[PDB]
Structures are given as structure tokens and as C-alpha cells.
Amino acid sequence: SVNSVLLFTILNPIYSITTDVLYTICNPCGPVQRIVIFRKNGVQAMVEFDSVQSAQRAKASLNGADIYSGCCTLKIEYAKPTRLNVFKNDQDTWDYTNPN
């Protein structure tokens, strides 16, 4: 089941993972609409793109890459929600279509 929302599981997350880091690496793949980072048990993030085609370009380009050398290995799958709900813009969540 394809989706415009991707789930990033960041293996060996040695460095700080923020919305600015994820926006930086994802938006060249395809336009990013929203980001939500979960920090409870490792680091997983949901990244919502403008379209399925952009999400598929992000998945094809980044799956199995390292954000930084030797760590932060990306496992990328389609997320369950088809849209993200964001109510605040900070280092953990951001909506690039809703400045607050």
C-alpha cells in the first residue's frame, strides 16, 4: 500500500535527529509537507510529502543510506496514516504549509 507519508526508522541514531536535519535530506528528494519525530524507543520519524511520486523518490534515494557516515542508517517504509496532524513547529514536529 503506497502512501505519501513515509516512516523513517533511524538505526544507530548517534547524532541528534531534528526536523531541520530531516527536511534538509528529504526535500531534495521531493517537497516535504510535514514531519513528526518520535524519540521514545530509538528514533523514528514520519515524513509527509506532496505526493506519492515524491515519497517514492525519497524512498528509492534514501533507503539504506546513512545520514552521517557510519551511523543513522535509514529503514524506510510507507506509514499507516495517510496524512500527519501537526499543531506546533519546533525541532520535533513541523508543518511547512502552516506557519504558526
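Numbering starts at 1 and follows the sequence shown.
Averaged over CA atoms, B-factors in the entry run higher in 39 to 47 than in the other of 57 to 65 and 39 to 47. The PDB entry reports B-factors from which the mean C-alpha value can be compared for 23 to 31 and 66 to 74; the larger average falls on 66 to 74. Of the candidates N89, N85, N12, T9, the one whose C-alpha carries the top B factor in the deposited record is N12. Split the chain's modelled residues into thirds by C-alpha temperature factor. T97 is in the middle one.
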